[PDB]
Every structure is written in structure tokens, then in C-alpha cells.
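Peer 1: Structure for this input, please:
(chains A and B, ligands or ions: 2)
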Number of protein chains: 2
Amino acid sequence: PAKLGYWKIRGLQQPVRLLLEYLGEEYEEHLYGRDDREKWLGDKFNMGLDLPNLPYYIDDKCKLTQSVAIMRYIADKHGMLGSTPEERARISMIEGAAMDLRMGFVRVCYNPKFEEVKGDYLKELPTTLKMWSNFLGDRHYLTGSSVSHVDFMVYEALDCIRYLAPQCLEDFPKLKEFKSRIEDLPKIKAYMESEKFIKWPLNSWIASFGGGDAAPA
Amino acid sequence: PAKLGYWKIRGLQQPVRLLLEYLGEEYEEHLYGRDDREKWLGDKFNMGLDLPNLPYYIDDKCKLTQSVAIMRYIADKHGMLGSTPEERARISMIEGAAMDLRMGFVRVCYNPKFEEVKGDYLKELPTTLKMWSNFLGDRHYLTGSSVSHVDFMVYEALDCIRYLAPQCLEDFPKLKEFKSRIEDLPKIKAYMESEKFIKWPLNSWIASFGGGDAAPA
Ligand SMILES: [Cl-]
Ligand SMILES: [Cl-]
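Peer 2: Numbers count the residues shown, from 1 in each chain, chains lettered A, B, ... in the order given. Ligands and ions are numbered 1, 2, ... in the order given. Next comes the structure:
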């Protein structure tokens, strides 16, 4: 199997987890707990990684860091990246916008004054969600009728964002719909129920939101 | 034949500018000045962009946002992205790491309390550089002996960073040589000496650092 590693959090790794599970690809993941930082600092430079970082992916053929590069590699092996330069670019665009969606949630959650700036993120949030809703249109998924790694990225961002704004998707039922379609996919549903599934934390433990040891309610 | 658009700043667009200039590709860019926020918002949803954002790229066969997606499209047309899944993935990794290098500089430059957080950034900066230096080794460029879009990304991040830490490259002569090699590139040197070159600001005008209406130092 492929070997992966990350913190025992959702973060940037969830979408790759989801992708692998969807494709039924075999993997084992080394999970670094909250108090394993020092442990990583000594694996970091000894796995043969060109640009050491978390997450990583290691198999017989390839050694990789950068979560989207990892997803893209897995997808590339299954011919999922696009058949033309314009198809591939379009997927690269959705991918980058998806990262923006996730990272916008990172930069609000890692504010030292979180409880006094969440008011503004949430104000610009509907505009951002409207853009995604419009882009989806009547398609089942972001790139057409087949699932793409990009769908797992957006899915994860949406499932995270709703912990802050639980009702954010009420105005965007095509995004809600999209969200459930992903959750209801047989391999994804089975996985979301499994022992291996990580539901918390969203971000690293130290974040003002999306961290800690338990979800808020 | 190709139409682009961005703020009249360096930011995320420089590497695409550089790439186009290097490849001798023909293009014309709409530049939004500091007094043009509202001019952009009036264009933002009127150009047929699937996911409206800055920068954008529009031509005969394709409309795009996301700067790296744009660079990847241009590079894809010239067969520069990799011949195998593992080659393509490794380029995708360097690309992501390059974005981390640039964004770490963003994260410090837009930080409300700049002079306070620059200490920790400048503290970590050598470990990051050391990583890039080690990855480069004796190669002329990041992916071998040919120039990649990835090289322009790292180049731009390095040229930006030295305005915050002017000495940072002296412990790393190979990176220093990489800088020169790119600047020495015939078509690059030319564009950099042209009237088309945006030299400042590095980030948006409003940043704590790399900002202002012009700044020699
Ligand atoms: Cl399934
Ligand atoms: Cl040249």
C-alpha cells in the first residue's frame, strides 16, 4: 500500500483520505497526535522527502508532499485530471478556488481575536457560497457527472464551515444537495461510519476555532 | 491573442507575467490601479468567468482564474508539466511549496501587527531557505536543466523576501546564483528592463510591508 502521514486532524488531509477511500485504493497512514510534534521533527528529514512537510505520501514509485499534489497524483493514475490542456486547467482552477474556500476558514479560525472578527467572515460568506452555487448549476458534481478530487476538497470545506455557521447552507440547497450526494456515495458513507474516520478536530488543536479536543454544539 | 487582468502590483501575477515573457507568448493585461476596486467589482461578474477572481486569463479557447491554474495552462500548451504521473506530481509539489514560500511572506506582510510578528518569521526563514537550497542541489533549475513555471514562482518569492531580509541569501549561494540565472535569461532581462515591468508594490498597496504607492526600500 501507499504510506501517508499527517497530524491526527482533518485539515488538509481529509480530502486525500476521502479520495483514496472513494477509489478503493489501499493505504496506511501514520497519525501524529497532539504531543508528537518532536517525533515528526525527527522523521521529517529521514523519509527521503525532497521538500519535507505534512502531509506526505510515500510508495515504491513516488515520494510526495503538498496535499493537492498528492490528490493529483492519485487522480492522475486513474485518468481523472482532464484530457485536454483546457480541461486540466479548469480542474486546476476549481482546485485552487477550493483551497481558497478551505484557507479562508483557516485564517478566521487562527485569529488571536477570533470572537471579534467572525462577524465579518460570516458576512462575506454568503457571497462566496453564492459563487460556488452558481458554478455548480444543475450538475451533480463540480466537473460534470463523475466525482473528482476537487469535489472532496469542496465537500470538506463546506462540512467544516458549517460548524461555525450551521445554517449557512439553508440559502444554498444545491450546495446542501451536493454535500449529501458526497456523503451518500457508498464508499464514502461506509468510511464516514468506520473506525478510521476522523471527525474532530477540523484544524490543528491550537486553533481558536475548529480545534480543541471536542466539537462545540 | 490572450487577455489577462490583475491589480497593478506584483502579487500572484508576476510569475505568470514572467512565464509569458519567457515563452514569448503574446498577451495584453488589464491593470486595476489602487483607485479601481469599484471598477473591478463592476467587471467581476461580467466576463463569463466561472469562478470570478483576480487574476484572470481569457482567450479564444479558454477562460480561467487562479494564478497557478493560469501558469499551468500556458505551460501545458508548451509540454512543460511532466511526461509521467510521478513527474507531474513532483512539479505539483514544488509548485505548492513555492506558493507556501510566497504566502508565508503574505501572512507576515498583511499582519495587523507587523513589526511584532516579523521576528518569528525572520527566525524561521533560514530553515525554509535551507530546504530550498538542499532541494536545488547542483541543478540550474528546480526541475532540471530547463526552466519551469515553478522557477518563476520561487524566483518571485525570493526577490520579494529580500526586501524584508536583505542578507537571507548570503548563507545560501546556490539560491543566490539561481536568482541571477533567471534575471540573466535573455527574454527575462529584457522585460525586466522594459516599461511593462511592475517593480513595486510586491503585495497589495494596503499591506503593512511590501506596500505603498512606490518604495525603493
Ligand atoms: Cl462510492
Ligand atoms: Cl531567455
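Peer 1: Around ligand 1, which positions in chain A sit nearby?
Peer 2: Residues of chain A lying close to ligand 1 by CB under 5 Å from the ion are A:185, A:186, A:187. Where C-beta positions appear, they are placed from N, C-alpha and C, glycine not excepted.
Peer 1: So which of those residues are in helices?
Peer 2: Of these, the ones assigned to helices by DSSP state H are A:186, A:187.
Peer 1: ranking the residues of chain A next to ligand 1 by neighbours, who comes first?
Peer 2: Among the residues of chain A next to ligand 1, residue A:185 has the most neighbours (other CB atoms under 10 Å in any protein chain shown), with 19 neighbours.
Peer 1: what domains does the record give for chain A?
Peer 2: For chain A, curated CATH domains gives the domain ranges A:1-80+A:186-212, A:81-185.
Peer 1: could these go into a markdown table alongside distance to chain B?
Peer 2: Formatted as a markdown table, those follow (distance: least, CB to the nearest CB, whole Å):
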| stretch | distance to chain B |
| --- | --- |
| domain A:1-80+A:186-212 | 3 |
| domain A:81-185 | 3 |
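Peer 1: how about CSV for those, with distance to residue B:114 added?
Peer 2: Converted to CSV, these look like this (distance: least, CB to CB, whole Å):
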stretch, distance to residue B:114
domain A:1-80+A:186-212, 20
domain A:81-185, 14
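Peer 1: ok, for the residue nearest in space to the middle of chain A, nearest residue in space, not its chain neighbours?
Peer 2: With distances taken as CA atoms, centre = their mean, the residue of chain A nearest its centroid is residue A:15 (3.6 Å). Excluding the flanking residues, the one nearest residue A:15 by CB to CB, 6 or more residues apart in numbering or on different chains is residue A:152, at 4.2 Å.
Peer 1: May I ask which helix or strand encompasses that neighbour?
Peer 2: helix A:149-164 (DSSP states H and E).
Peer 1: cool, residue A:215 as well?
Peer 2: Here residue A:215 is assigned to no helix or strand, by DSSP H and E.
Peer 1: Likewise for residue A:4?
Peer 2: strand A:2-7.
Peer 1: Buried residues, the very next helix or strand once past that strand. List them.
Peer 2: Sequence order places helix A:14-23 as the next helix or strand after strand A:2-7, per DSSP H and E. Within helix A:14-23, the residues that count as buried by 16 or more other CB atoms under 10 Å in any protein chain shown are A:14, A:15, A:16, A:17, A:18, A:19, A:20, A:21, A:22, A:23.
Peer 1: CA atoms of helix A:14-23 as CSV?
Peer 2: In CSV, the C-alpha atoms belonging to helix A:14-23 read as follows (Å, rounded to 0.1, in the frame of the first residue of the first chain):
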residue,chain,number,x,y,z
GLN,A,14,-9.3,14.8,4.8
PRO,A,15,-9.9,15.3,1.0
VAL,A,16,-7.0,12.9,0.2
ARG,A,17,-8.4,10.4,2.7
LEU,A,18,-11.8,10.7,1.1
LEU,A,19,-10.3,10.3,-2.4
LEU,A,20,-8.4,7.2,-1.5
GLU,A,21,-11.5,5.7,0.1
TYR,A,22,-13.6,6.5,-2.9
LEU,A,23,-11.2,4.9,-5.3
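Peer 1: about what we covered before: please identify which of the domains of chain A is closest to residue B:46.
Peer 2: Closest of the domains of chain A to residue B:46 is domain A:81-185, at 13.7 Å (criterion: CB to CB).
Peer 1: now the end-to-end length of the closest one.
Peer 2: End-to-end span of domain A:81-185 (CA to CA, to the nearest Å): 20 Å.
Peer 1: What is the neighbour count of residue A:41?
Peer 2: Look at residue A:41: counted by other CB under 10 Å, it has 10 neighbours.
Peer 1: does it sit in a helix or strand, and which one?
Peer 2: Per DSSP H and E: helix A:37-43 holds residue A:41.
Peer 1: what packs against the helix or strand following that helix?
Peer 2: Counting by DSSP H and E, the element after helix A:37-43 in chain order, helix or strand, is strand A:56-58. With contacts taken as 3 or more CB pairs under 8 Å, 6 or more residues apart in numbering or on different chains; DSSP states H and E, strand A:56-58 sits against strand A:2-7, strand A:63-65, helix A:67-77.
Peer 1: Compile the ones you listed into a markdown table and extend it with columns for mean neighbour count and distance to residue A:55.
Peer 2: Formatted as a markdown table, the helices and strands packed on strand A:56-58 follow (neighbours: other CB atoms under 10 Å in any protein chain shown; distance: least, CB to CB, whole Å):
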| stretch | mean neighbour count | distance to residue A:55 |
| --- | --- | --- |
| strand A:2-7 | 20 | 4 |
| strand A:63-65 | 23 | 7 |
| helix A:67-77 | 24 | 6 |
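Peer 1: just so I know, which of the ones you listed lies nearest residue B:97?
Peer 2: strand A:63-65 (7.2 Å).
Peer 1: one step back: show me the contact partners of the helix holding residue A:41.
Peer 2: The contact list for helix A:37-43 (CB atoms under 8 Å, 6 or more residues apart in numbering or on different chains) reads A:5, A:32, A:54.
Peer 1: Spatially nearest residue to the first one (excluding sequence neighbours)?
Peer 2: The spatially closest residue to residue A:5, leaving aside those adjacent along the chain, is residue A:30, at 4.2 Å (CB to CB, 6+ apart).
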